[PDB]
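Next up, my_file.cif (mmCIF, C-alpha atoms; chains and numbers go by the auth columns):
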data_final
#
loop_
_atom_site.group_PDB
_atom_site.id
_atom_site.type_symbol
_atom_site.label_atom_id
_atom_site.label_comp_id
_atom_site.label_asym_id
_atom_site.label_seq_id
_atom_site.Cartn_x
_atom_site.Cartn_y
_atom_site.Cartn_z
_atom_site.B_iso_or_equiv
_atom_site.auth_seq_id
_atom_site.auth_asym_id
ATOM 1 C CA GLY A 1 0.179 -9.400 7.094 0.00 1 H
ATOM 2 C CA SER A 2 3.967 -9.176 7.166 0.00 2 H
ATOM 3 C CA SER A 3 4.481 -9.789 3.448 0.00 3 H
ATOM 4 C CA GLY A 4 2.540 -11.354 0.590 0.00 4 H
ATOM 5 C CA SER A 5 3.498 -12.909 -2.737 0.00 5 H
ATOM 6 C CA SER A 6 2.705 -12.783 -6.455 0.00 6 H
ATOM 7 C CA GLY A 7 -0.972 -13.286 -7.236 0.00 7 H
ATOM 8 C CA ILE A 8 -3.179 -11.851 -4.502 0.00 8 H
ATOM 9 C CA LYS A 9 -3.190 -8.155 -5.400 0.00 9 H
ATOM 10 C CA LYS A 10 -2.453 -6.300 -2.161 0.00 10 H
ATOM 11 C CA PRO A 11 -4.615 -3.266 -1.283 0.00 11 H
ATOM 12 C CA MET A 12 -3.372 0.321 -1.524 0.00 12 H
ATOM 13 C CA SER A 13 -1.768 1.634 1.666 0.00 13 H
ATOM 14 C CA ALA A 14 -2.339 5.100 3.122 0.00 14 H
ATOM 15 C CA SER A 15 1.119 5.877 1.743 0.00 15 H
ATOM 16 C CA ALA A 16 -0.176 5.522 -1.814 0.00 16 H
ATOM 17 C CA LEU A 17 -3.499 7.303 -1.305 0.00 17 H
ATOM 18 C CA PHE A 18 -2.000 10.565 -0.050 0.00 18 H
ATOM 19 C CA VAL A 19 0.021 10.461 -3.272 0.00 19 H
ATOM 20 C CA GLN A 20 -2.749 9.524 -5.704 0.00 20 H
ATOM 21 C CA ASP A 21 -4.764 12.194 -3.894 0.00 21 H
ATOM 22 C CA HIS A 22 -2.333 14.963 -4.841 0.00 22 H
ATOM 23 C CA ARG A 23 -0.827 13.261 -7.891 0.00 23 H
ATOM 24 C CA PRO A 24 -3.335 14.751 -10.372 0.00 24 H
ATOM 25 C CA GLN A 25 -4.030 17.896 -8.351 0.00 25 H
ATOM 26 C CA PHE A 26 -0.320 18.665 -8.684 0.00 26 H
ATOM 27 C CA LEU A 27 -0.475 18.293 -12.466 0.00 27 H
ATOM 28 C CA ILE A 28 -3.711 20.127 -13.255 0.00 28 H
ATOM 29 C CA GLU A 29 -2.447 23.192 -11.391 0.00 29 H
ATOM 30 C CA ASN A 30 1.163 22.463 -12.341 0.00 30 H
ATOM 31 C CA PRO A 31 1.311 20.736 -15.753 0.00 31 H
ATOM 32 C CA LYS A 32 4.866 21.813 -16.573 0.00 32 H
ATOM 33 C CA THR A 33 5.811 19.370 -13.816 0.00 33 H
ATOM 34 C CA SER A 34 6.638 15.958 -15.280 0.00 34 H
ATOM 35 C CA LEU A 35 4.782 12.877 -14.044 0.00 35 H
ATOM 36 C CA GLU A 36 7.694 11.647 -11.928 0.00 36 H
ATOM 37 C CA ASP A 37 8.831 15.059 -10.689 0.00 37 H
ATOM 38 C CA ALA A 38 5.252 15.599 -9.518 0.00 38 H
ATOM 39 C CA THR A 39 5.316 12.406 -7.453 0.00 39 H
ATOM 40 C CA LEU A 40 8.966 12.513 -6.391 0.00 40 H
ATOM 41 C CA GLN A 41 7.908 15.670 -4.553 0.00 41 H
ATOM 42 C CA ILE A 42 4.648 14.259 -3.196 0.00 42 H
ATOM 43 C CA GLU A 43 6.535 11.278 -1.777 0.00 43 H
ATOM 44 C CA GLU A 44 9.138 13.262 0.161 0.00 44 H
ATOM 45 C CA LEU A 45 6.261 15.491 1.268 0.00 45 H
ATOM 46 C CA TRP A 46 4.593 12.521 2.959 0.00 46 H
ATOM 47 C CA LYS A 47 7.729 11.428 4.811 0.00 47 H
ATOM 48 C CA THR A 48 8.084 14.856 6.419 0.00 48 H
ATOM 49 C CA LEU A 49 4.509 14.739 7.712 0.00 49 H
ATOM 50 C CA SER A 50 3.706 14.133 11.381 0.00 50 H
ATOM 51 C CA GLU A 51 2.291 11.036 13.074 0.00 51 H
ATOM 52 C CA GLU A 52 -1.299 12.202 13.541 0.00 52 H
ATOM 53 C CA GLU A 53 -1.444 13.711 10.053 0.00 53 H
ATOM 54 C CA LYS A 54 -0.600 10.226 8.780 0.00 54 H
ATOM 55 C CA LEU A 55 -3.033 8.424 11.083 0.00 55 H
ATOM 56 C CA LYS A 56 -5.918 10.266 9.424 0.00 56 H
ATOM 57 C CA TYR A 57 -4.949 8.402 6.254 0.00 57 H
ATOM 58 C CA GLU A 58 -3.795 5.210 7.971 0.00 58 H
ATOM 59 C CA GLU A 59 -7.454 4.650 8.853 0.00 59 H
ATOM 60 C CA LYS A 60 -8.410 4.905 5.179 0.00 60 H
ATOM 61 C CA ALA A 61 -6.164 1.922 4.455 0.00 61 H
ATOM 62 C CA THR A 62 -7.091 -0.264 7.425 0.00 62 H
ATOM 63 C CA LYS A 63 -10.822 0.325 6.974 0.00 63 H
ATOM 64 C CA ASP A 64 -10.395 -1.186 3.509 0.00 64 H
ATOM 65 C CA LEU A 65 -8.072 -3.922 4.771 0.00 65 H
ATOM 66 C CA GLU A 66 -11.186 -6.047 5.282 0.00 66 H
ATOM 67 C CA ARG A 67 -10.567 -7.009 1.655 0.00 67 H
ATOM 68 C CA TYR A 68 -7.071 -8.461 2.022 0.00 68 H
ATOM 69 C CA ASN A 69 -8.218 -10.328 5.132 0.00 69 H
ATOM 70 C CA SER A 70 -10.815 -12.063 2.960 0.00 70 H
ATOM 71 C CA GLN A 71 -8.310 -12.967 0.245 0.00 71 H
ATOM 72 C CA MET A 72 -6.331 -14.788 2.935 0.00 72 H
ATOM 73 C CA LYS A 73 -8.942 -17.281 4.137 0.00 73 H
ATOM 74 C CA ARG A 74 -8.507 -19.046 0.795 0.00 74 H
ATOM 75 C CA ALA A 75 -4.768 -18.381 0.586 0.00 75 H
ATOM 76 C CA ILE A 76 -4.514 -20.192 3.920 0.00 76 H
ATOM 77 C CA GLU A 77 -3.412 -23.202 1.873 0.00 77 H
ATOM 78 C CA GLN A 78 -0.632 -23.912 -0.623 0.00 78 H
ATOM 79 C CA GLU A 79 -2.485 -21.832 -3.214 0.00 79 H
ATOM 80 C CA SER A 80 -0.769 -18.470 -2.738 0.00 80 H
ATOM 81 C CA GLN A 81 2.003 -19.103 -0.212 0.00 81 H
ATOM 82 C CA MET A 82 4.736 -21.697 -0.728 0.00 82 H
ATOM 83 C CA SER A 83 7.332 -23.138 1.650 0.00 83 H
ATOM 84 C CA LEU A 84 9.894 -25.934 1.952 0.00 84 H
ATOM 85 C CA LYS A 85 9.741 -28.687 4.572 0.00 85 H
ATOM 86 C CA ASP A 86 12.372 -31.391 5.053 0.00 86 H
ATOM 87 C CA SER A 87 11.656 -34.939 6.225 0.00 87 H
ATOM 88 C CA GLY A 88 13.454 -36.230 9.302 0.00 88 H
ATOM 89 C CA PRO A 89 14.877 -39.746 9.755 0.00 89 H
ATOM 90 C CA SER A 90 12.848 -42.879 10.489 0.00 90 H
ATOM 91 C CA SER A 91 12.683 -45.239 13.467 0.00 91 H
ATOM 92 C CA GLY A 92 12.294 -48.931 14.237 0.00 92 H
#

Can I see the file as structure tokens?
Amino acid sequence: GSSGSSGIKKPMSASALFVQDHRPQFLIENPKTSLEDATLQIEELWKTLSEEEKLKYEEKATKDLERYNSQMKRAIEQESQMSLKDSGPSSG
């Protein structure tokens, strides 16, 4: 949801796909371009995109979100998420 924790491997977001989708394509055609350089450019190229353009991919991430939602049912307990709770005073 808002943020997970170590363990449950979170799914790839549309932000990653778009990259991994042009990551290799950028190399094959442009090998001289170093691994990073190739991405560094693909990243800034995704931030300049429009809303709709992104939506098209945003659906590719949500449609697969059904996975993370399943890895939560079990993580609903103190198995993946941890918190601290104090104990108040007592009474008569």

Need the axis-aligned box for range 8-22 of chain H with 4 Å each side, so what are the centre and edges in Å to one decimal, as AutoDock Vina command-line options?
--center_x -1.8 --center_y 1.6 --center_z -1.3 --size_x 13.9 --size_y 34.8 --size_z 16.8

**Message:** Show me the residues around (2.9, 12.2, 2.2) - criterion: an atom at most 12 Å away, only C-alpha atoms counted - as a VMD selection string.
**Reply:** chain H and resid 13 to 23 39 to 51 53 to 58

**Message:** Set the distance at 7 Å and use all atoms listed in the file: which residues neighbour range 65-70 of chain H once local chain neighbours fewer than 3 positions away are removed? I'd like the list as a PyMOL selection string.
**Reply:** chain H and resi 10-11+61-62+73

**Prompt:** How far is it from CA of residue 63 in chain H to CA of residue 12 in chain H, in Å with one decimal?
**Reply:** 11.3 Å

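Pairwise distance (CA of residue 60 in chain H, CA of residue 1 in chain H) equals 16.8 Å.
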
**Message:** Taking the file as I've supplied it (selection: the PyMOL selection byres ((chain H and resi 76-84) around 8)), which residues are included? Please answer as a list in words.
**Reply:** residues 4, 5, 6, 7, 8, 72, 73, 74, 75, 85 and 86 of chain H

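Distance check against residue 9 in chain H using all atoms listed in the file: of H:71, H:52, H:91, H:64, the minimum falls on H:71.
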